[PDB]
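Worksheet: the structure to be examined is printed underneath.
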Protein chains: 2
Amino acid sequence: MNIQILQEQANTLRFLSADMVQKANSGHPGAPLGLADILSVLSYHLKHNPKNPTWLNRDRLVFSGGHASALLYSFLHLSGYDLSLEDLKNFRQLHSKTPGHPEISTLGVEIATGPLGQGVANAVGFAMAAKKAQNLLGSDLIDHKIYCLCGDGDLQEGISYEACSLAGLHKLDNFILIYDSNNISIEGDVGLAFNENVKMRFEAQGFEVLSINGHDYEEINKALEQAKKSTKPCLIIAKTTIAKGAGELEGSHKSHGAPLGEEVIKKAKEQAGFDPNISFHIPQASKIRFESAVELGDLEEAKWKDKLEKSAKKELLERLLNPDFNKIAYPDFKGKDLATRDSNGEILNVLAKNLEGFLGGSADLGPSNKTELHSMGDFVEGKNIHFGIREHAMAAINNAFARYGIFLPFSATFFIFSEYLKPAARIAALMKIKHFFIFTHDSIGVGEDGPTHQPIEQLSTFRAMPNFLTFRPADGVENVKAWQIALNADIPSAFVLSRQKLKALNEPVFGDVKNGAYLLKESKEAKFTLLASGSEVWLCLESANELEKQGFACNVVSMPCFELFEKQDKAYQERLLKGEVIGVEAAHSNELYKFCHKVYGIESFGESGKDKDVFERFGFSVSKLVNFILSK
Amino acid sequence: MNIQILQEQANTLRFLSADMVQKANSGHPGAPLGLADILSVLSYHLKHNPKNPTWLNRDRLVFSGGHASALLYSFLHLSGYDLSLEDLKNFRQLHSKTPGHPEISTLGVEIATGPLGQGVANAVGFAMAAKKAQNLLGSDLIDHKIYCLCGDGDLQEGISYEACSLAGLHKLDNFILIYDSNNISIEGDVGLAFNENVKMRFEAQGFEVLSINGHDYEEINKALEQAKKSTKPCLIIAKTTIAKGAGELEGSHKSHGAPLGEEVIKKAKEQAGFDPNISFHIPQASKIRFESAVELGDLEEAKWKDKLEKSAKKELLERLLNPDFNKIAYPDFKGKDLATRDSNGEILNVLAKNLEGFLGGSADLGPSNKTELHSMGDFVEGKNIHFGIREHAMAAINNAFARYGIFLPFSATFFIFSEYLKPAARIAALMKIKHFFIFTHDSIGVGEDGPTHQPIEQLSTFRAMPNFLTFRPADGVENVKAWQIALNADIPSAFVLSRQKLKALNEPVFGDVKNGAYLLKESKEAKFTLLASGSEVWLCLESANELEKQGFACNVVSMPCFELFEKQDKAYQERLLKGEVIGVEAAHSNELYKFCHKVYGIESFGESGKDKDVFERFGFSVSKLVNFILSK
Ligand SMILES: Cc1ncc(C[n+]2csc(CCOP(=O)(O)OP(=O)(O)O)c2C)c(N)n1
Ligand SMILES: Cc1ncc(C[n+]2csc(CCOP(=O)(O)OP(=O)(O)O)c2C)c(N)n1
Ligand SMILES: [Ca+2]
Ligand SMILES: [Ca+2]
């Protein structure tokens with residue numbers, strides 16, 4: 001470790017990154033160039049095995065400024081991960097392993113980033129997950145760091161303050177946040193929009209704060225040594241120059257998000273002692289030095305595996321890595337009238353008891369969402385996590401729990417406030433992680449709290465989001481079957497649950513919850529089919545009975561999951577959807593026109609009043625629905 | 001102003017609030033009881049006219065903890081606003097003037113609150129709007145305060161840190177934030193989830209911070225006098241006891257969100273010297289003292305009107321209050337191929353030039369969203385607001401600009417990051433305010449940045465949200481017509497705009513943009529109708545020309561606004577939607593099944609690659625769409 005080798009290594013990273021952006025004619029060269037000295041020093045401190053990116057006790061590295069992807073990919077390549085030089089040459093191209101922002105399908109990428117702020121919160125989540133993993137498995141087996149690189153944009157986002165609040169509270173002395181402070185954003189000088197005392201901000205949240213020049217190798221190294229010894233979460237404020245090394249583009253906002261240009265790169269290479277006429281050059285000394293991570297990480301992982309072999313926690317780790325969902329005996333809710341928040345809370349408790357890695361919490365609404373895991377204690381010793389009023393950071397934190405390697409997390413709030421965490425839910429979907437979203441208080445049935453607390457459009461949002469099952473169970477039995485599918489699925493799920501008591505259903509007549517929609521009532525030569533979910537299913541059952549008394553044969557379809565129903569074959573859908581099909585939901589759900597001729601929904605915002613008063617006002621009564629169905 | 005009258009006034013507020021919650025058997029009595037001493041003192045400082053809640057230079061009061069509604073309503077009633085005692089007795093009842101959280105249809109309510117954090121950001125917005133109003137009209141005409149009451153929940157939300165960052169930057173010495181620090185939330189002790197040094201946090205953001213006992217009248221008054229003289233935004237940290245005055249429920253989390261109970265209220269009244277056997281009692285001295293606001297506010301408004309009469313800014317205020325949208329000469333984009341972000345940026349500049357109160361900005365993406373108002377300067381002297389990377393607080397701030405009385409604000413970001421501000425967009429919709437949302441980079445056409453930056457489900461979300469027009473113009477001419485409707489509408493609008501160049505359309509054949517969907521091509525005996533919006537309209541025009549060459553008569557429908565089309569009469573919709581109707585959009589838009597037999601959309605997340613590569617991968621080519629339409 002000396003200046004000449006560190007300079008060569010950092011410049012190798014710079015010019016790989018610049019060359020990648022240039023070949024693509026797209027991307028972000030400024031942050032890579034600004035960060036290249038820090039990452040060169042950090043490569044000496046990072047404990048990781050490039051040949052086994054799943055090693056449980058690896059240090060976790062997060063690039064919250066995911067636009068700096070070319071630098072990440074340069075580093076993964078150089079360090080010996082399964083990412084080739086040819087992969088680097090296909091930066092930002094269709095179907096490459098080097099997409100414009102990082103994706104977990106690229107080995108070595110810990111978590112997808114891009115939407116600013118998320119990475120900072122994910123890094124907090126990894127640090128909390130590491131603290132829990134240490135509680136379970138012991139400090140002999142879990143003792144690693146979590147490093148996050150972030151920029152101005154990350155620290156302006158609300159989610160960064162939310163997550164960092166939690167990091168200070170939980171004394172996350174495994175978390176090192178490195179802030180690239182380059183005074184530049186897309187609109188130019190960061191001073192146009194931000195002038196906080198960042199050191200005071202973070203000290204207020206319980207961090208130790210170090211302040212460095214991010215192009216001085218000795219200072220970077222000294223800060224990392226001191227950070228690694230901290231008794232607090234630590235922030236390193238690193239003053240850098242955007243596009244450092246790129247001559248006329250140094251410090252320019254124009255370097256943020258467009259290629260540097262061929263001539264700028266040539267001049268830059270000249271100044272650094274690189275040949276301007278070659279691209280994608282990796283000097284020998286740098287190549288050997290970066291790739292030493294392979295030998296060193298192999299040895300560290302071997303040492304760890306030896307500690308695991310001696311551990312009393314071997315069998316526990318095996319259960320955490322291989323949960324048996326089929327063994328679980330769920331509650332039997334057959335014939336029991338209940339609010340689905342209450343059925344769901346019972347199920348959460350059964351899962352927490354059966355699954356040592358199943359945990360989670362609510363954003364200050366445990367008692368209302370019914371998510372308390374009774375007698376299972378508070379984090380870190382126990383399983384209940386108190387996220388505070390921090391819906392967005394809760395979801396981004398739990399995204400990281402779901403990536404850590406041994407956890408099955410849930411996030412809970414009122415369905416209306418799903419909107420506060422939706423960007424993080426989207427990242428769960430993009431990554432196809434197993435993270436469960438618990439959303440209670442699902443409709444105008446909320447009643448008195450009024451229209452700011454009454455969901456209308458949120459069902460449409462979650463249904464429209466790809467890679468995300470949205471279950472809206474009509475009773476406890478549906479709620480169980482929903483969980484059984486969710487645990488076995490390869491994508492995340494949300495559970496949309498009532499405040500109010502719902503009536504238990506009779507048994508399926510044809511199909512079941514796994515088909516997304518199924519029949520509760522089936523009539524030969526049906527003139528009408530009433531299709532509903534959740535709280536509206538009994539309205540439909542009753543309306544269908546009135547229609548039958550008037551001489552109309554009816555099917556009734558329960559649809560606890562739209563997305564699953566979309567996947568059924570045509571013969572199945574045809575058997576359910578007979579005659580004139582009317583969909584009925586306390587939501588503004590135009591998507592039901594995919595399966596229904598008519599939709600009996602809610603097209604406005606709600607009203608503050610008693611639940612029965614509000615449902616009647618919005619037309620959810622047997623008399624009104626029957627009059628609609630009979631068109632008069 | 002003495003202790004005996006202040007105590008009686010505060011207890012009047014307590015027991016009105018308690019009695020209201022109790023009669024409704026629903027609501028939040030804890031915060032009202034905790035806040036009653038502060039609001040009693042604050043009533044002496046607040047400058048307002050109960051008989052004219054639109055008085056432009058009134059102090060603006062915001063209850064960010066909108067669950068404390070019963071206290072707000074008690075105060076409005078007592079002060080002489082148009083809210084009756086009978087209204088108080090219909091708290092939380094269907095169609096009352098006293099809904100569970102405050103709504104602007106209740107006179108005296110400055111902004112709808114309920115979703116935590118929003119109010120704090122709205123209060124920052126009112127303070128910024130006041131600073132701008134002072135820039136325009138002079139400090140002789142604008143010199144009022146903005147008071148915000150907030151709780152733990154507000155200050156844990158990210159949006160509160162975002163907005164308070166901006167308040168410190170902009171030196172908002174008209175903003176007084178009063179934090180009800182009662183150590184209690186729904187999950188119990190706030191320490192389970194939050195332990196920041198709140199004074200240090202706010203000092204880091206450029207605030208003066210005062211710390212008081214919120215049940216000591218002299219200390220409250222002294223803090224307000226000092227706050228009103230501050231050269232910084234000021235935070236008053238007020239230590240209170242939740243449900244103060246309610247005996248066994250004092251300091252209990254059970255008082256947060258459920259009625260205190262009849263016996264608890266009786267005991268409370270006994271201890272305060274009120275008759276336990278009467279409800280909704282207003283003592284004479286308190287009644288006279290609170291209602292003195294009527295005489296005092298009438299006199300202050302009269303004095304102000306005299307200052308207005310002498311002002312050089314009289315004619316300007318009249319133009320601000322009565323904008324003439326019909327006079328505006330928009331750009332003529334007929335036959336011009338352009339990205340709709342670029343057409344839209346030109347329109348923004350024309351509006352900013354024509355309308356003295358039209359202003360706004362982007363969340364660090366001015367250069368990319370094309371929202372710079374060229375040569376119109378930076379806030380406060382000018383019109384461009386640099387929100388930073390703070391999408392959520394931007395929207396909540398602009399909600400308040402739209403409520404202030406003289407402004408027409410826009411908020412801008414990439415459409416994918418609309419998700420970060422959606423809860424505040426919902427409040428714009430709930431209030432039916434004129435606030436315009438500018439969302440560029442609307443589809444997989446984004447290209448290289450990849451799936452985290454490529455909208456899929458966001459169109460469904462905004463369409464599903466009530467009271468919100470979502471325009472997705474196919475060319476510059478549609479973009480203009482969209483603005484013309486948006487300015488005349490009684491609800492907010494979003495503009496969903498391309499990164500990439502789009503082809504100019506030919507003229508409408510039947511209907512126009514004001515109908516939501518209209519015909520570009522109409523054929524007798526059409527076998528197919530191709531319906532699209534935005535960037536997909538030319539695909540449809542070309543595909544329809546290929547279908548015609550193969551012998552199939554086709555209609556082509558441009559649908560720049562789904563919500564407007566939903567409002568057209570059946571005869572109009574029937575003329576457009578002929579034969580087999582296929583909807584085509586680069587979105588996962590199942591809502592199109594409302595108007596289409598088939599939907600040719602995107603059902604997954606996107607991909608990082610060149611825009612032309614990504615569109616081809618996802619099927620957006622004439623050959624592929626024609627093969628789909630011909631079912632083979
Ligand atoms: C939530 C969110 N909003 C907006 C963006 C677009 N964006 C990408 S980077 C950037 C500026 C970030 O600057 P910094 O974080 O300061 O980037 P650096 O320029 O210094 O490379 C923005 C607004 C985003 N990726 N995510
Ligand atoms: C964004 C958001 N999340 C959750 C809620 C539900 N909620 C209402 S008040 C509250 C606790 C707020 O506590 P404080 O603000 O501490 O209320 P106080 O109990 O002291 O009356 C919560 C979680 C909400 N209204 N908005
Ligand atoms: Ca920066
Ligand atoms: Ca509180």
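FYI, nothing fancy with the structure tokens labels: chains A, B, ... in order, residues from 1 per chain, ligands from 1 as they appear.
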Problem set entry | Neighbour list for segment 526-537 of chain B as a VMD selection string, cut-off 9 Å, only C-alpha atoms, skip fewer than 4 positions in-chain | chain B and resid 340 443 445 471 to 475 496 to 498 500 to 503 505 517 522 541 to 544 547 552 to 561 576 to 586 595 to 596 620 629
Kindly compile the residues surrounding ligand 4 within 6 Å, counting only C-alpha atoms and all ligand atoms, and format them as a VMD selection string. chain B and resid 151 to 152 182 to 185
Resulting file, chosen residues, N, CA and C atoms, as a PDB file, in the first residue's frame:
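Once written, out38.pdb looks like this:
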```
ATOM      1  N   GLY B 151     -46.440  17.157  15.802  1.00  0.00           N
ATOM      2  CA  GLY B 151     -46.172  16.171  16.829  1.00  0.00           C
ATOM      3  C   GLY B 151     -45.022  15.284  16.463  1.00  0.00           C
ATOM      4  N   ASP B 152     -44.827  14.252  17.261  1.00  0.00           N
ATOM      5  CA  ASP B 152     -43.717  13.311  17.013  1.00  0.00           C
ATOM      6  C   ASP B 152     -43.805  12.687  15.649  1.00  0.00           C
ATOM      7  N   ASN B 182     -44.656  15.134  23.581  1.00  0.00           N
ATOM      8  CA  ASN B 182     -45.348  14.467  24.687  1.00  0.00           C
ATOM      9  C   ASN B 182     -44.854  13.056  25.013  1.00  0.00           C
ATOM     10  N   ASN B 183     -43.789  12.637  24.319  1.00  0.00           N
ATOM     11  CA  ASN B 183     -43.140  11.353  24.537  1.00  0.00           C
ATOM     12  C   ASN B 183     -44.012  10.133  24.257  1.00  0.00           C
ATOM     13  N   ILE B 184     -45.158  10.307  23.586  1.00  0.00           N
ATOM     14  CA  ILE B 184     -46.089   9.217  23.348  1.00  0.00           C
ATOM     15  C   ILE B 184     -46.481   9.130  21.881  1.00  0.00           C
ATOM     16  N   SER B 185     -46.519   7.903  21.364  1.00  0.00           N
ATOM     17  CA  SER B 185     -47.109   7.647  20.024  1.00  0.00           C
ATOM     18  C   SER B 185     -48.002   6.421  20.130  1.00  0.00           C
TER      19      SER B 185
END
```
Neighbouring residues of residue 470 of chain B were defined as those with any atom within 10 Å, considering only C-alpha atoms; residues of the same chain fewer than 5 positions away were excluded. Please report them as a PyMOL selection string. chain B and resi 437+459-465+482+486+492-496+516+560-564
Restricting the output to N, CA and C atoms, write the selected residues as an mmCIF file, in the first residue's frame.
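Output saved as result14.cif:
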```
data_model
loop_
_atom_site.group_PDB
_atom_site.id
_atom_site.type_symbol
_atom_site.label_atom_id
_atom_site.label_comp_id
_atom_site.auth_asym_id
_atom_site.auth_seq_id
_atom_site.Cartn_x
_atom_site.Cartn_y
_atom_site.Cartn_z
ATOM 1 N N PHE B 437 -48.511 19.333 -12.238
ATOM 2 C CA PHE B 437 -47.414 18.365 -12.046
ATOM 3 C C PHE B 437 -46.783 18.026 -13.383
ATOM 4 N N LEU B 459 -48.804 5.621 -14.775
ATOM 5 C CA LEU B 459 -50.016 6.084 -15.459
ATOM 6 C C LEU B 459 -51.322 5.547 -14.813
ATOM 7 N N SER B 460 -51.383 4.233 -14.479
ATOM 8 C CA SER B 460 -52.514 3.635 -13.765
ATOM 9 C C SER B 460 -52.812 4.320 -12.459
ATOM 10 N N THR B 461 -51.780 4.664 -11.707
ATOM 11 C CA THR B 461 -51.915 5.328 -10.421
ATOM 12 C C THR B 461 -52.569 6.679 -10.578
ATOM 13 N N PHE B 462 -52.034 7.497 -11.468
ATOM 14 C CA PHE B 462 -52.565 8.865 -11.628
ATOM 15 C C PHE B 462 -53.957 8.883 -12.260
ATOM 16 N N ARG B 463 -54.209 7.950 -13.176
ATOM 17 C CA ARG B 463 -55.563 7.812 -13.694
ATOM 18 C C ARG B 463 -56.550 7.379 -12.643
ATOM 19 N N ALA B 464 -56.154 6.438 -11.801
ATOM 20 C CA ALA B 464 -57.034 5.989 -10.764
ATOM 21 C C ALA B 464 -57.335 6.995 -9.670
ATOM 22 N N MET B 465 -56.378 7.878 -9.395
ATOM 23 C CA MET B 465 -56.589 8.911 -8.392
ATOM 24 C C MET B 465 -57.740 9.840 -8.809
ATOM 25 N N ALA B 482 -53.907 20.742 -23.772
ATOM 26 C CA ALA B 482 -53.905 20.160 -22.424
ATOM 27 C C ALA B 482 -53.776 21.298 -21.395
ATOM 28 N N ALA B 486 -56.316 22.487 -18.503
ATOM 29 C CA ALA B 486 -55.821 22.473 -17.131
ATOM 30 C C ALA B 486 -55.993 23.778 -16.403
ATOM 31 N N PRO B 492 -56.527 19.636 -10.070
ATOM 32 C CA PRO B 492 -55.158 19.581 -10.558
ATOM 33 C C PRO B 492 -54.962 18.641 -11.771
ATOM 34 N N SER B 493 -53.830 18.858 -12.440
ATOM 35 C CA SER B 493 -53.441 18.105 -13.652
ATOM 36 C C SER B 493 -51.977 17.739 -13.584
ATOM 37 N N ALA B 494 -51.649 16.606 -14.206
ATOM 38 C CA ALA B 494 -50.296 16.186 -14.479
ATOM 39 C C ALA B 494 -50.088 16.136 -15.986
ATOM 40 N N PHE B 495 -48.873 16.404 -16.370
ATOM 41 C CA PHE B 495 -48.482 16.359 -17.758
ATOM 42 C C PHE B 495 -47.390 15.305 -17.856
ATOM 43 N N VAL B 496 -47.647 14.258 -18.667
ATOM 44 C CA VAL B 496 -46.733 13.108 -18.776
ATOM 45 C C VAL B 496 -46.062 13.210 -20.133
ATOM 46 N N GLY B 516 -60.956 14.276 -24.352
ATOM 47 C CA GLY B 516 -60.135 13.218 -23.745
ATOM 48 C C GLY B 516 -59.525 12.252 -24.751
ATOM 49 N N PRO B 560 -55.286 11.696 -25.218
ATOM 50 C CA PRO B 560 -54.382 12.410 -24.354
ATOM 51 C C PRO B 560 -54.853 12.483 -22.913
ATOM 52 N N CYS B 561 -56.133 12.241 -22.631
ATOM 53 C CA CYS B 561 -56.610 12.183 -21.230
ATOM 54 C C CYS B 561 -57.753 11.223 -20.975
ATOM 55 N N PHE B 562 -57.397 10.088 -20.364
ATOM 56 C CA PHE B 562 -58.336 9.060 -19.987
ATOM 57 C C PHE B 562 -59.481 9.566 -19.181
ATOM 58 N N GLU B 563 -59.188 10.418 -18.183
ATOM 59 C CA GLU B 563 -60.245 10.836 -17.287
ATOM 60 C C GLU B 563 -61.288 11.676 -17.986
ATOM 61 N N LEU B 564 -60.851 12.532 -18.910
ATOM 62 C CA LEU B 564 -61.819 13.311 -19.711
ATOM 63 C C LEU B 564 -62.648 12.403 -20.601
#
```
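Counting only C-alpha atoms and all ligand atoms and comparing A:499, A:253, A:514, A:392, the residue that lies closest to ligand 2 is A:392.
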Can I get the residues of chain A within 10 Å of ligand 3, each with the closest pair of atoms and their distance in Å to one decimal, using only C-alpha atoms and all ligand atoms, sorted chain first then ascending number, as a tab-separated table?
```
residue	atom	partner	partner_atom_place_in_ligand_line	distance
A:30	CA	ligand 3	1 (Ca)	9.0
A:31	CA	ligand 3	1 (Ca)	7.6
A:34	CA	ligand 3	1 (Ca)	9.5
A:65	CA	ligand 3	1 (Ca)	9.5
A:150	CA	ligand 3	1 (Ca)	9.0
A:151	CA	ligand 3	1 (Ca)	5.3
A:152	CA	ligand 3	1 (Ca)	4.7
A:153	CA	ligand 3	1 (Ca)	6.7
A:154	CA	ligand 3	1 (Ca)	9.2
A:155	CA	ligand 3	1 (Ca)	10.0
A:179	CA	ligand 3	1 (Ca)	9.3
A:180	CA	ligand 3	1 (Ca)	6.8
A:181	CA	ligand 3	1 (Ca)	6.0
A:182	CA	ligand 3	1 (Ca)	4.9
A:183	CA	ligand 3	1 (Ca)	5.5
A:184	CA	ligand 3	1 (Ca)	4.3
A:185	CA	ligand 3	1 (Ca)	4.7
A:186	CA	ligand 3	1 (Ca)	8.1
A:188	CA	ligand 3	1 (Ca)	8.9
A:189	CA	ligand 3	1 (Ca)	8.7
A:190	CA	ligand 3	1 (Ca)	7.2
A:240	CA	ligand 3	1 (Ca)	9.1
A:241	CA	ligand 3	1 (Ca)	9.0
A:242	CA	ligand 3	1 (Ca)	7.3
A:251	CA	ligand 3	1 (Ca)	9.8
A:253	CA	ligand 3	1 (Ca)	8.7
A:256	CA	ligand 3	1 (Ca)	8.2
```
